[PDB]
Amino acid sequence: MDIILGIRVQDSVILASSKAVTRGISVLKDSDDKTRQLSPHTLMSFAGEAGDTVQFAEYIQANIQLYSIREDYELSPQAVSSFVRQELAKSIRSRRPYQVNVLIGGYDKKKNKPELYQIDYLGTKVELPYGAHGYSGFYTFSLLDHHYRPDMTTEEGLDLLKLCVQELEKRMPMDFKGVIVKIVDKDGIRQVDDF
Amino acid sequence: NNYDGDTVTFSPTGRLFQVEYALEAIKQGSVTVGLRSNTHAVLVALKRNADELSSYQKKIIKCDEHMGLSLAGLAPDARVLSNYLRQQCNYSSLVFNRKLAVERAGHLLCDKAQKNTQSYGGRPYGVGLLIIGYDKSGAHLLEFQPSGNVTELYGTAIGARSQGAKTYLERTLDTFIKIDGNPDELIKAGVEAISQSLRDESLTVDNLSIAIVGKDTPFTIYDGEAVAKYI
Amino acid sequence: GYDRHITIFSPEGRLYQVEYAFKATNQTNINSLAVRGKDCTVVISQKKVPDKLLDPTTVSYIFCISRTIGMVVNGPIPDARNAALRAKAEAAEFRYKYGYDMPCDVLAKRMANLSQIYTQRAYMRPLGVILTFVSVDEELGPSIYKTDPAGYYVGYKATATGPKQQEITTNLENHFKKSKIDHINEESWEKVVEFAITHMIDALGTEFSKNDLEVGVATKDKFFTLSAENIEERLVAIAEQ
Amino acid sequence: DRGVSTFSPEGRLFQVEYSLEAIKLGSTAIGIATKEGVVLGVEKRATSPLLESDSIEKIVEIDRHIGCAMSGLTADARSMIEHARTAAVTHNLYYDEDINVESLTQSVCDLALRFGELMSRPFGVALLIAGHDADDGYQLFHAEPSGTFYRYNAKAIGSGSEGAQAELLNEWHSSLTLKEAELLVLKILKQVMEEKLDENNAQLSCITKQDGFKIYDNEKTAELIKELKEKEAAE
Amino acid sequence: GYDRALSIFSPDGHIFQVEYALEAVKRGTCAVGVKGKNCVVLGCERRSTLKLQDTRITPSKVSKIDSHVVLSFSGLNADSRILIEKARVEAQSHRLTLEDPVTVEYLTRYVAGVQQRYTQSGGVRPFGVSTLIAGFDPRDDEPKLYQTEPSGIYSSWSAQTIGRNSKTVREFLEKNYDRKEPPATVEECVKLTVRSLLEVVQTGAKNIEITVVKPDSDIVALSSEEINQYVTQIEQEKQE
Amino acid sequence: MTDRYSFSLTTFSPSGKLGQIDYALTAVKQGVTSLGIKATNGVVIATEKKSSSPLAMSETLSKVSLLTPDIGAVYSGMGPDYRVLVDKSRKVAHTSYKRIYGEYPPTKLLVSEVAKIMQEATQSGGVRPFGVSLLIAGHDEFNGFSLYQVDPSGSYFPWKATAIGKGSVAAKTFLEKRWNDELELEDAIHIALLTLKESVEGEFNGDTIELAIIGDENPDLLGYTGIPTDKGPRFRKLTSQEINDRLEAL
Amino acid sequence: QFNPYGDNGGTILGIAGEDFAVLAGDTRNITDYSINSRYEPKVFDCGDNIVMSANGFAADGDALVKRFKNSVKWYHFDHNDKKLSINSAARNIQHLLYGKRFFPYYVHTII
Amino acid sequence: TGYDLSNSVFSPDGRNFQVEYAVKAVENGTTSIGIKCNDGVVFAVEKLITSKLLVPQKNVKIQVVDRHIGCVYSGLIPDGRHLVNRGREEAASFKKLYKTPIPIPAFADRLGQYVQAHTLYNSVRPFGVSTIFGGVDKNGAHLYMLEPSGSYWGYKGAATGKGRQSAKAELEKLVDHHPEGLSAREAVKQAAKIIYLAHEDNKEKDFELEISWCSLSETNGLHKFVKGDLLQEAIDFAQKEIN
Amino acid sequence: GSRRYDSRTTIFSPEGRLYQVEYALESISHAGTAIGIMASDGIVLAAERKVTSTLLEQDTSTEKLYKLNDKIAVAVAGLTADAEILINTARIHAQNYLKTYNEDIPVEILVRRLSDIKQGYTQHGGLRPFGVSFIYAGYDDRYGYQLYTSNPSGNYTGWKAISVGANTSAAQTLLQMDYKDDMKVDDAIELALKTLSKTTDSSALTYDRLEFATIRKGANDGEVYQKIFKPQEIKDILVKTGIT
Ligand SMILES: [Cl-]
Ligand SMILES: [Mg+2]
């Protein structure tokens, strides 16, 4: 899969993810949701090799949902990211590694703080105010570096995200058929249906 | 008594009681007769029904085109041992393009049964087999006991009241051995032999099971109206 | 009372299956003796061929483990040969791995450690044998090391094993109490064998023909067993003084 | 103690003979094979009136052309049914055809004596395997924990078996209709059942070539029970 | 590995280890299940022999297998945890492969299957546990209540009890529960469940736990005071 | 074949007793007396070389064994069980410590590893417990000098001074009267010889007594010079002569 | 490097009539530009009124025909001497072939 | 007591009662013998004709190992076959690694260690056979007899089964009367006589004589069965001696 | 074969009890009394060493109170050797969780893991169970201060105050009498020592016969400190509370 962006603002995390699924010559789908809800206040967007992406995302989802039931408790975004990193770090020295890059956007209900974690397929984890995977960062980061403030509202975050998507639509050779945008806050996960 | 708890224990007189108890299961089983000439070998088996609604338990199993046996005792054990014979007959044909000698088939059954009598956890086979076959040395009849003892005979019988049929064959020995190139007369001698082991009941059309293998005769089982000719 | 059937502790803190294995040791009714010279270690053992149908050359309780190590066994021949084959395998493997000949006392300890395992593990029975290992070790010199079903082993100046071990032991004890040395002060192994046979005759109070004895001799860099004619020469020398 | 695979002095496997005693304590199951189809009927025997009786599943589909009724420790049957279903589907995958009722029964009976010190004990349940194939037509088999299977024109297993089997002895003939068989199973179940037979404590099923294996609705069985009562009052 | 056949048949055709596993259930604290018209209630006895107990952290008797299914039990507490874990794993495994949460019947059939397996597997003893599995099938408003036992047999119940003095509370439910008209509301269903336990419990204090499961993953555990109000109202009507 | 004893041979009796451990302790009680005394500047472990025969060379039988350069062990009970425990103790000191941390284990942790091996023989399938009690004396940089007892159960306790086996009850009473927290190593050896004389019937000399100390570093016993930090082993087995010298000042 | 495969040439032809079927094949076996045999039978009677030929790598061909003939024999044993229908034989051969999906038989099979 | 219920359990005597019970099965078996001649060995066995229905010369009891070793046994026939099957594996693996056919003393220990191994554990039963075996190797002729305990020795003559006392007495006479040795053809004749004499302990049923031999001169050091004229000559000699 | 000698450690009695579990509990009933008392501002662990000697080196000795991590400690009652096997397993399980989730293991998750191991030895394997009862004193940021106990059955329960080992009947009655919910650590220290002093089979309770530990938020600000009391510190608290 292609472009996955993330931006952590004042009180929420916003994950933008392309809708295009291309198999070589033809664009098979233009409405693909490249994200899974791991827990009520933790969302994970993913991009990488065909099949491995969904297989990994669903496997993590199943494990976090199992923990949630066993302990009757939601793991902190930090705890979920640490679990995901270990699975990818384990994966890279396997017979056939998961070729999957993920952004984990979560709202920590204990600390009342949004948290964005960027983890590549090697198991390289970093906590960031804004992150991306593949070539998405090359086009967008120069805009985010300029405009980003830690005290930004969700609406300002979406406006800065639109400027990022516009720059991608201008200078990227590939048509990624726009993005599905999702917000993670204290009230949980909701999808922006107009973008 | 104290030495019949498992197959791994000798008695003070050097007996294996679990093997002797397995041998007893054969005596409870329905009578089956084996006899051969120089050209043909015949199995005759009295099949046993549960009641009048039930079918008559099949006694004869085909192992190859040139070999097969009849059983007396635990039928599931006969299925295990016959399946093993089928495989060994098959292995010989595929690997060596060679029909498995009846004598060698006996040696293989003996060795398979023996392992169950010397090892803890396992149990002896609870069935006796009469193996007939025609190979490169003519017609053959074998008697298999789950003790491991396999014996090559002209004729024999195993099961309940088998002694009656075994005495008859011991008298008729000189006659039935000479029935060469006459399958019908050899079966007649086998049907007359198993008749010496009957009490109260007689040989009906769904009661009697006959098999024959010979010089130009593949191992074929006769049941139903096919054996009405011999009643 | 299943504490008498397998190797677990009785209320007294005893292993009865070990104690009964010691009793199996004397089933052959054979007495062995081992003594040390200056340059050699000699082991003698009674040879009894009761059946005339037996090939007497094949009746032996002395084993050539390695070139350097010899082993006499007190106990039944099946367990003796079980122990013999293992000792040979252990001695060969040692040389391959560590690049020098397995010492007598190290093999004794190894076979004793194996014997110990049988006294602790239930599925394995003890071997009903006492193993007397002899060599001229390249470091320690003349060496006698004896193993038993308990897994006990120790070095000896001299030793005796069998039904009449005590009579032989006391006879040897009395000699070493006089001489006040840990060995037979003799140059040739031939005379150390003559000493061994003489002191067994004195202890048991029985005379021996060439076919009644079995002799093993350890020298530097080889252990070997004497033929009936080599023993006969030994018996002649004893009788002529 | 003593081996699980031990023979008695009479030449019988103790554990197999003891499992047969457990099957005698089981609820009654009856099968009747006709030229129009095979009928399978069971006593449900609910331990309490609060137990929803339609959740008692003692008649089970193996394939479209093979049904199965059980009596004894019914929990033990689940792994036997699973194997039977797998065997039936697996053969269809390998040979693009339905499996012979005898071949299916033989496959189930191969599990029976796979116990020792494999599973730790024999199965504590007997099965009536009823079906149809092109070769041998409508068939009813009795699969025991001994690994032996007999083909029957009619068979009763469970607590009321010997009383029911004596009744089946008199009643069965080679010219029975499917409707006659249905009433006959209902008649003999009602005879041997402790509680009074209705559509909630008893269940009917059949296997026909056309429609395959079908478990009867409580409404359909209720009508056949009412048809039985009237024809018994008729003389 | 340890292969010893512990669960075997006796001459009278009984598996004593399975029957002795039921005797462990008989000892266990009383659990009761009552399904209304649009809810299921799981009542559970807490023996008051243990006070100075921390009720915040002490393992609760009713366990969530998924967001829509619950499992209560009577018998060995340690044994129950192994069945609950296996069930919770199978619940997530079903969601992952079928892309649909387990039916209450399927989850029951699985747990019952595990219990059965332990009655003819070598070197293992049966579970000293009977379970009440309650909930609602996905996108279904029909209440579901199932019972399992060490033998591995399972069945659906309009109302059922397990554990010590379960004979007495089943006696109560059999005369008090009408099938044609089940407890229409949550109140009526909880009341009938508390009433059934009060036949056996002793004091209606911290000895009764009540968990109400409603359709669409709506599960809540009643507090001491909420249950205490039911206990109060029942005995004030009884004084007549 | 196969080890078909995959079940515990040590089980709880109705009274709550583990029979095979109690019987193992009975076997230890029958064993020859061994003792240990801890001084301010060293530890001493001693036992009687009960020679089975006067023909036997009792020097070849080592009752007091080096486990590491700074740790020594003595026993009471079944000699063979002790010998295989010393072999396992020496190896586990390398495999589970030295090959990881590049240094020998501290006394308490090696004791813990030996204890674990003896515990497993008490629970594992188809084995009896070890019929020995061990007295392990040792020194390490951060814990200093220490003395530990290990029982067939796998239970271990640290001691200032103690005795195990035949005359342990009488010996422990003797040590209680003599022991103080100001003893020098020579004073502890003197008390060790006095205590051990009571439980010995026959000959009492350097040839019938086995005695070792955990004391000062022995650079003479290191076998190489040139590395200042390597100063040699603290474990030293006293010679037949060294014992006899201290039996004149007895 | 060792090449486990070879080409033994040959050509086979199967034609289905209204109430009959023919399976024909040349009797020439070759490697490269050499003739191995002028008469090496390639089409085989497998019993149950089924004829079969596996053309390409003769070793893999003989192996497959042999294993199918064996499958017919065991079908008789397991299913009360029932005749193996051509459609059943076909599905059986698919499983024999796909069984070595990752080390295939270099043969084009016609029955 | 209870020491005799389990294999590999030492009685207070120091005895393995289960092995001693295995010997009772051997003593119950038919008579089998072995005679060591000048340049080889001769094996003979008593085959009890239970019934007329037994096909003569078909139920062969003596077994060959490799091409140069003969094996005969008394007691549980299946146990004997199991031991020979192991012997053939031992002889094959030896030849595979060392090229030369297994020497008889080497082969004797291979059987010996295997039979002894079945007295070490309660999970296996001891062998219910005494096995008389041997043949010709590079060091000449060798005859051995192996007991359930795993005990074996070299023999001049060997006998086991029900008529072993009778046989042994006859073997002892041959050893005394022939110190220079016995010829291969003489040993076949004497073997026939001894089985006929030892048949007095099994006199109820009539029997069938079976003889085999390995001889450097007569069989080129290979194991062969005594057949046709040479067998009839030995039967005639035997029948003449009993009358 | 081997079956003859098998005790069958994992079977039910006719009454539906686990023989070996019941007999293991009988074993533990003779072990030194261990008490845990949970207060609002910390937890106390008090335990009695069994009939000691004057020559036992007490300052380097540990038979009762063990550290699982920086937040969780256990008091032992039963076979010390059996406990150390489980303790080492628990310590690893705590570090495995910390490595995976980069957060300290919640107390109940550790307790359940150890309890599930104990359960296994009662259902399969044919081995004897662990003759050990634990008192788990721990803190996490979900439930705060928590007391638990596990026994050889593998059953665990939460407590405000609890005893294991000898004279638990007498001990639990004395705790149930004098415990209150608003109690503080200093008060809980006094109760624990007073309970042991009355239930002890010894003539008098002295410092050399006691192991003592506290888990306090009495750690400078928003963190938790474990304190394994030294022999001199146990002697001081015995004089302070007025027992010696
Ligand atoms: Cl070793
Ligand atoms: Mg043992």
# chains A, B, ... in the order shown; residues from 1 in each chain; ligands from 1

$ residues_near_ligand --ligand "ligand 2" --cutoff "9 Å" --atoms "only C-alpha atoms and all ligand atoms" --output "list in words"
residues 5, 6, 7, 8, 17, 18, 117, 118, 119, 120, 121, 122, 123, 124, 125 and 126 of chain C; 127 of chain F; 8, 9 and 121 of chain H

$ write_last_selection --atoms "N, CA and C atoms" --output "PDB file, in the first residue's frame"
ATOM      1  N   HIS C   5      11.522 -53.521  45.746  1.00  0.00           N
ATOM      2  CA  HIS C   5      11.414 -53.938  44.320  1.00  0.00           C
ATOM      3  C   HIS C   5      12.187 -52.974  43.410  1.00  0.00           C
ATOM      4  N   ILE C   6      12.139 -51.669  43.703  1.00  0.00           N
ATOM      5  CA  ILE C   6      12.835 -50.593  42.931  1.00  0.00           C
ATOM      6  C   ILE C   6      13.808 -49.855  43.857  1.00  0.00           C
ATOM      7  N   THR C   7      14.684 -49.030  43.276  1.00  0.00           N
ATOM      8  CA  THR C   7      15.756 -48.286  43.990  1.00  0.00           C
ATOM      9  C   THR C   7      15.177 -46.988  44.564  1.00  0.00           C
ATOM     10  N   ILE C   8      14.333 -47.115  45.594  1.00  0.00           N
ATOM     11  CA  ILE C   8      13.870 -46.002  46.477  1.00  0.00           C
ATOM     12  C   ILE C   8      14.229 -46.358  47.924  1.00  0.00           C
ATOM     13  N   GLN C  17      17.479 -53.159  46.748  1.00  0.00           N
ATOM     14  CA  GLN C  17      17.816 -53.644  45.379  1.00  0.00           C
ATOM     15  C   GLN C  17      19.325 -53.524  45.134  1.00  0.00           C
ATOM     16  N   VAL C  18      19.987 -52.556  45.776  1.00  0.00           N
ATOM     17  CA  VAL C  18      21.472 -52.394  45.745  1.00  0.00           C
ATOM     18  C   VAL C  18      22.096 -53.518  46.581  1.00  0.00           C
ATOM     19  N   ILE C 117      23.784 -43.957  38.965  1.00  0.00           N
ATOM     20  CA  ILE C 117      22.540 -43.552  38.241  1.00  0.00           C
ATOM     21  C   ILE C 117      21.490 -44.662  38.379  1.00  0.00           C
ATOM     22  N   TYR C 118      21.901 -45.933  38.319  1.00  0.00           N
ATOM     23  CA  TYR C 118      20.997 -47.112  38.417  1.00  0.00           C
ATOM     24  C   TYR C 118      20.390 -47.198  39.827  1.00  0.00           C
ATOM     25  N   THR C 119      21.089 -46.673  40.843  1.00  0.00           N
ATOM     26  CA  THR C 119      20.650 -46.678  42.268  1.00  0.00           C
ATOM     27  C   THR C 119      19.692 -45.509  42.536  1.00  0.00           C
ATOM     28  N   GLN C 120      19.656 -44.501  41.656  1.00  0.00           N
ATOM     29  CA  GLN C 120      18.804 -43.289  41.811  1.00  0.00           C
ATOM     30  C   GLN C 120      17.613 -43.342  40.841  1.00  0.00           C
ATOM     31  N   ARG C 121      17.834 -43.780  39.596  1.00  0.00           N
ATOM     32  CA  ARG C 121      16.769 -43.927  38.565  1.00  0.00           C
ATOM     33  C   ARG C 121      16.096 -45.295  38.737  1.00  0.00           C
ATOM     34  N   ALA C 122      14.760 -45.330  38.701  1.00  0.00           N
ATOM     35  CA  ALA C 122      13.929 -46.502  39.067  1.00  0.00           C
ATOM     36  C   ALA C 122      13.865 -47.511  37.914  1.00  0.00           C
ATOM     37  N   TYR C 123      13.813 -47.036  36.666  1.00  0.00           N
ATOM     38  CA  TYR C 123      13.566 -47.868  35.456  1.00  0.00           C
ATOM     39  C   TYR C 123      14.790 -48.746  35.163  1.00  0.00           C
ATOM     40  N   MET C 124      15.974 -48.321  35.617  1.00  0.00           N
ATOM     41  CA  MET C 124      17.261 -49.051  35.461  1.00  0.00           C
ATOM     42  C   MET C 124      17.568 -49.819  36.752  1.00  0.00           C
ATOM     43  N   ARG C 125      17.850 -51.121  36.645  1.00  0.00           N
ATOM     44  CA  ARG C 125      18.303 -51.969  37.782  1.00  0.00           C
ATOM     45  C   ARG C 125      19.818 -51.843  37.905  1.00  0.00           C
ATOM     46  N   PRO C 126      20.399 -52.001  39.116  1.00  0.00           N
ATOM     47  CA  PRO C 126      21.851 -52.124  39.253  1.00  0.00           C
ATOM     48  C   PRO C 126      22.359 -53.366  38.506  1.00  0.00           C
TER      49      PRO C 126
ATOM     50  N   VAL F 127      12.645 -40.915  39.876  1.00  0.00           N
ATOM     51  CA  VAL F 127      13.925 -40.720  40.625  1.00  0.00           C
ATOM     52  C   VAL F 127      13.626 -40.619  42.126  1.00  0.00           C
TER      53      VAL F 127
ATOM     54  N   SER H   8      13.612 -57.747  36.064  1.00  0.00           N
ATOM     55  CA  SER H   8      14.764 -56.878  36.438  1.00  0.00           C
ATOM     56  C   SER H   8      14.761 -56.569  37.942  1.00  0.00           C
ATOM     57  N   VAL H   9      13.937 -57.267  38.732  1.00  0.00           N
ATOM     58  CA  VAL H   9      13.872 -57.105  40.215  1.00  0.00           C
ATOM     59  C   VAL H   9      14.720 -58.206  40.860  1.00  0.00           C
ATOM     60  N   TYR H 121      15.045 -54.148  32.430  1.00  0.00           N
ATOM     61  CA  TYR H 121      13.817 -53.316  32.552  1.00  0.00           C
ATOM     62  C   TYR H 121      12.592 -54.200  32.825  1.00  0.00           C
TER      63      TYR H 121
END

$ residues_near_ligand --ligand "ligand 1" --cutoff "12 Å" --atoms "only C-alpha atoms and all ligand atoms" --output "list in words"
residues 90, 94, 106, 107, 108, 109, 110, 111, 112, 113, 114, 115, 116, 117 and 151 of chain C; 80, 83, 84, 85, 86, 87, 88 and 91 of chain F

$ write_last_selection --atoms "N, CA and C atoms" --output "CSV table (one decimal), in the first residue's frame"
chain,number,residue,atom,x,y,z
C,90,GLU,N,33.6,-46.5,26.4
C,90,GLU,CA,34.0,-45.3,27.2
C,90,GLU,C,35.5,-45.0,27.0
C,94,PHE,N,36.9,-41.6,25.0
C,94,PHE,CA,37.8,-40.8,25.9
C,94,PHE,C,39.1,-40.4,25.0
C,106,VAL,N,40.0,-43.0,36.2
C,106,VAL,CA,39.0,-42.2,35.6
C,106,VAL,C,37.9,-43.0,35.0
C,107,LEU,N,38.3,-44.2,34.4
C,107,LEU,CA,37.3,-45.2,33.8
C,107,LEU,C,36.5,-45.7,35.0
C,108,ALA,N,37.2,-46.1,36.1
C,108,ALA,CA,36.6,-46.6,37.3
C,108,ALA,C,35.5,-45.7,37.8
C,109,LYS,N,35.8,-44.4,37.9
C,109,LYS,CA,34.9,-43.3,38.4
C,109,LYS,C,33.7,-43.2,37.4
C,110,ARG,N,34.0,-43.3,36.1
C,110,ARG,CA,33.0,-43.2,35.0
C,110,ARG,C,32.0,-44.3,35.2
C,111,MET,N,32.4,-45.6,35.3
C,111,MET,CA,31.6,-46.8,35.5
C,111,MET,C,30.9,-46.7,36.8
C,112,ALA,N,31.5,-46.1,37.8
C,112,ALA,CA,30.9,-45.9,39.2
C,112,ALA,C,29.8,-44.9,39.1
C,113,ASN,N,29.9,-43.8,38.4
C,113,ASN,CA,28.9,-42.8,38.1
C,113,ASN,C,27.7,-43.4,37.4
C,114,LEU,N,28.0,-44.3,36.4
C,114,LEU,CA,26.9,-45.0,35.7
C,114,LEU,C,26.2,-45.9,36.7
C,115,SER,N,26.9,-46.6,37.6
C,115,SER,CA,26.3,-47.5,38.6
C,115,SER,C,25.5,-46.7,39.6
C,116,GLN,N,25.9,-45.5,40.0
C,116,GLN,CA,25.2,-44.6,40.9
C,116,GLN,C,23.8,-44.2,40.3
C,117,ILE,N,23.8,-44.0,39.0
C,117,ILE,CA,22.5,-43.6,38.2
C,117,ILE,C,21.5,-44.7,38.4
C,151,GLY,N,27.7,-47.9,43.5
C,151,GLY,CA,28.3,-46.7,42.8
C,151,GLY,C,29.5,-46.2,43.5
F,80,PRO,N,28.5,-42.0,46.8
F,80,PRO,CA,28.3,-41.9,45.3
F,80,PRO,C,27.3,-40.7,44.9
F,83,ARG,N,29.4,-37.6,45.0
F,83,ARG,CA,30.4,-37.5,43.9
F,83,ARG,C,29.7,-36.9,42.6
F,84,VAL,N,28.6,-37.4,42.2
F,84,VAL,CA,27.8,-37.0,41.0
F,84,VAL,C,27.3,-35.6,41.2
F,85,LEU,N,26.9,-35.2,42.5
F,85,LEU,CA,26.5,-33.8,42.8
F,85,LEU,C,27.6,-32.8,42.6
F,86,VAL,N,28.9,-33.2,43.0
F,86,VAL,CA,30.1,-32.4,42.9
F,86,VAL,C,30.4,-32.2,41.4
F,87,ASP,N,30.2,-33.2,40.6
F,87,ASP,CA,30.4,-33.2,39.1
F,87,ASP,C,29.4,-32.2,38.5
F,88,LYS,N,28.1,-32.3,38.9
F,88,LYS,CA,27.0,-31.4,38.4
F,88,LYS,C,27.3,-29.9,38.9
F,91,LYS,N,30.1,-28.2,37.0
F,91,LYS,CA,29.7,-27.9,35.6
F,91,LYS,C,28.7,-26.7,35.6

$ residues_around --residues "residue D:40" --least-positions-apart "6" --cutoff "8 Å" --atoms "only C-alpha atoms" --output "number ranges by chain"
D: 29-32, 59, 68-69, 128, 130, 185, 204-206

$ interface_residues --of "chain A" --to "chain E" --cutoff "10 Å" --atoms "only C-alpha atoms" --output "VMD selection string"
chain A and resid 55 58 to 59 61 to 72

$ residues_around --residues "residue G:24" --least-positions-apart "3" --cutoff "12 Å" --atoms "only C-alpha atoms" --output "MDAnalysis selection string"
chainID G and resid 10:16 21 27 41:45 51:55 110:111

$ residues_around --residues "residue H:62" --least-positions-apart "3" --cutoff "12 Å" --atoms "only C-alpha atoms" --output "number ranges by chain"
H: 32-34, 42-47, 57-59, 65, 69-74, 77, 80-81, 84, 131-134, 209-213, 223-226

$ write_last_selection --atoms "C-alpha atoms" --output "mmCIF file, in the first residue's frame"
data_model
loop_
_atom_site.group_PDB
_atom_site.id
_atom_site.type_symbol
_atom_site.label_atom_id
_atom_site.label_comp_id
_atom_site.auth_asym_id
_atom_site.auth_seq_id
_atom_site.Cartn_x
_atom_site.Cartn_y
_atom_site.Cartn_z
ATOM 1 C CA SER H 32 17.528 -79.011 19.916
ATOM 2 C CA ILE H 33 21.322 -79.817 19.862
ATOM 3 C CA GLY H 34 24.645 -78.580 18.378
ATOM 4 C CA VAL H 42 26.175 -79.505 13.019
ATOM 5 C CA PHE H 43 22.682 -78.369 14.244
ATOM 6 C CA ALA H 44 19.737 -80.819 14.733
ATOM 7 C CA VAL H 45 16.193 -80.296 16.212
ATOM 8 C CA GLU H 46 13.199 -82.509 17.231
ATOM 9 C CA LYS H 47 9.966 -81.395 15.403
ATOM 10 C CA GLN H 57 9.705 -80.913 5.613
ATOM 11 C CA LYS H 58 7.781 -77.546 5.300
ATOM 12 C CA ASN H 59 7.703 -76.093 8.896
ATOM 13 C CA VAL H 65 22.140 -65.767 9.720
ATOM 14 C CA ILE H 69 25.930 -68.929 10.715
ATOM 15 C CA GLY H 70 23.207 -71.465 11.709
ATOM 16 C CA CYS H 71 20.722 -70.797 14.596
ATOM 17 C CA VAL H 72 18.403 -73.364 16.331
ATOM 18 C CA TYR H 73 16.380 -72.772 19.577
ATOM 19 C CA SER H 74 13.991 -74.536 22.049
ATOM 20 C CA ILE H 77 9.433 -70.295 18.588
ATOM 21 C CA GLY H 80 13.596 -67.398 18.694
ATOM 22 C CA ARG H 81 12.576 -65.808 15.323
ATOM 23 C CA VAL H 84 17.421 -64.287 14.729
ATOM 24 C CA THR H 131 19.533 -70.577 21.295
ATOM 25 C CA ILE H 132 22.246 -73.013 19.998
ATOM 26 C CA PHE H 133 24.131 -71.257 17.116
ATOM 27 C CA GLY H 134 27.580 -71.078 15.427
ATOM 28 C CA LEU H 209 14.259 -84.966 12.218
ATOM 29 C CA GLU H 210 15.779 -81.701 10.807
ATOM 30 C CA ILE H 211 19.625 -81.309 10.453
ATOM 31 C CA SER H 212 21.841 -78.442 9.100
ATOM 32 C CA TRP H 213 25.689 -78.002 9.005
ATOM 33 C CA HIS H 223 25.339 -72.960 6.217
ATOM 34 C CA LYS H 224 23.328 -75.686 4.346
ATOM 35 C CA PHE H 225 20.369 -77.996 5.278
ATOM 36 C CA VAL H 226 21.021 -81.813 5.236
#

$ interface_residues --of "chain E" --to "chain D" --cutoff "8 Å" --atoms "only C-alpha atoms" --output "VMD selection string"
chain E and resid 3 to 14 113 116 120 to 122 151 to 153 155 to 160 174

$ interface_residues --of "chain F" --to "chain H" --cutoff "10 Å" --atoms "only C-alpha atoms" --output "ChimeraX atom specification"
/F:1-4

$ residues_around --residues "residue B:2" --least-positions-apart "4" --cutoff "10 Å" --atoms "only C-alpha atoms" --output "list in words"
residues 6, 9, 11 and 17 of chain B; 2, 4 and 5 of chain H

$ select_by_dssp --residues "chain G" --states "strand (DSSP E or B)" --output "ChimeraX atom specification"
/G:12-16,21-25,29-31,34-37,44-47,50-56,107-110
